[PDB]
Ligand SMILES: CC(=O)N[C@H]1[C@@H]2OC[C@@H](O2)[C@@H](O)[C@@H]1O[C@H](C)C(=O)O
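The form deposited without the named molecule is given below as one chain in structure tokens.
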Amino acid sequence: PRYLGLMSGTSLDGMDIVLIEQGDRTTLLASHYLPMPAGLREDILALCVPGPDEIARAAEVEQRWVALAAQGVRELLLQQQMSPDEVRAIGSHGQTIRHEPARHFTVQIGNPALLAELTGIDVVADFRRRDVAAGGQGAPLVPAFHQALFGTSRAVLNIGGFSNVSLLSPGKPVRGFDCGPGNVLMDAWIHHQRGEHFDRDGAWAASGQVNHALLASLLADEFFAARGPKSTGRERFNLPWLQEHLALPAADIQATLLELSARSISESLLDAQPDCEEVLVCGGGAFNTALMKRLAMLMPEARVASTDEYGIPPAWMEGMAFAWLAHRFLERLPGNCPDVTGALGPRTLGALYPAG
């Protein structure tokens, strides 16, 4: 059947909507991007830390997030000349505002009932919560999808705000984990500094020089040393965390942050899978040519290429994964990988809000 995938990751660049055909295989039929309005992006970031009146605030931000999503869904369907009745379901990741697997909770907003009401399409949402309930990290969730798409020893690497890898070693459980920062700090820094939203092509970082004293200080953070099932978010790597370390030319700090993402990816990758022959890059980090060059030279044993070479545009991989999870829900097939998340075992992920 046909599924919609609705993604809005921690970078807050915008909302991704994908349409896939699912049968034997997964095929991208169409994609649709709606940029995040500055007001909504800042209100979401404001919910990402503890604060007052969060229940009412989150409910109001939620309404706006869903209105935007449903707008995107309607535009996409009209542009593809298809009615809502041709889509089996929407896989909605929602919007994470708090991810605390050490406190056994993760909070994704995105009023799926209102999404069902606005779209006329069944919604599958709230994927991470069952994995956490079964003792897991609730992240990463893409590995089951990466395996189904690309399961030779391959690593599939997502570089969004944070980086995560899916290690596909034949005759083993799928393994994976969040490597650490992807674009999050490089975004945070060029925003604190130049007001910008990201460092295009990594050209600002390229103009700088790595500071080895800063780099080693950042690498020595406790998260990097941990092995196996691990996840992170805006809770650990953020601007106030960088400044605590900084306490030097701005461009140099930017070069150093790019290196931190390159190094924390290679070392966590090659440690867990030295035989890695192939590294498939997805997410918006795949477009950072500077970062892509550093990854190719820190893992010389493997070919470092974007998923575009293998038939999937790197920007839509995550959205495709969430549409795919709606299908898994509806077929009653497990969505997590217990050895990625550390959950007790395989679980059906999500809940169904029917259009009715």
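Note that the rigid core is defined as the largest set of C-alphas that superpose within 1.5 Å between two forms. One rule holds for the numbers: they count along the sequence shown, beginning at 1.
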property	result
Between stretches 299-307 and 42-50, more displaced by Cα RMS in 7 other deposited structures of this protein (rigid core superposition)	299-307
RMS Cα shift after core superposition in 7 other deposited structures of this protein, winner of 190-198 and 105-113	190-198
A226 dropped in a third or more of the other entries	yes
Unmodelled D252 in at least one third of other entries with both flanks present	no
Unmodelled deposited residues flanked by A247 on one side and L248 on the other	4 to 9
Residues with no coordinates between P173 and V174, taken from the deposited sequence as a class	none
32-40 versus 285-293 - greater average Cα B-factor per the deposited record	285-293
Segment of higher mean CA temperature factor, 253-261 or 206-214	206-214
Candidate residues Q273, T119, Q137, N158, the one whose C-alpha B factor the record puts highest	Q273
Residue, from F127, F198, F105, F145, that the PDB entry assigns the highest Cα B-factor	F198
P112 by Cα B-factor - lowest, middle or highest third of the modelled chain	lowest
Chain-relative CA temperature factor third for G51	lowest
Chain-wide C-alpha B factor ranking for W65, given as lowest, middle or highest third	lowest
Chain thirds of CA B-factor: placement of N183	middle
Third of chain Cα B-factors occupied by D221	highest
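There is also a form deposited with the named molecule bound; it is not shown, and the following applies to it.
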{"property": "Heavy atom of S268 within 4.5 Å of the named molecule in the deposited bound form", "result": "no"}
{"property": "The named molecule contact in the deposited bound form: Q108, any heavy atom under 4.5 Å", "result": "yes"}
{"property": "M7, heavy atom within 4.5 angstroms of the named molecule in the deposited bound form", "result": "yes"}
{"property": "Contact label in the deposited bound form: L167 to the named molecule, heavy atom within 4.5 Å", "result": "no"}
{"property": "Contacting member of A139, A89, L218, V279, with respect to the named molecule in the deposited bound form [4.5 Å, heavy atom]", "result": "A139"}
{"property": "One stretch from 210-218, 268-276, 96-104, 77-85 that, in the deposited bound form, holds residues within 4.5 Å of the named molecule by heavy atom", "result": "96-104"}
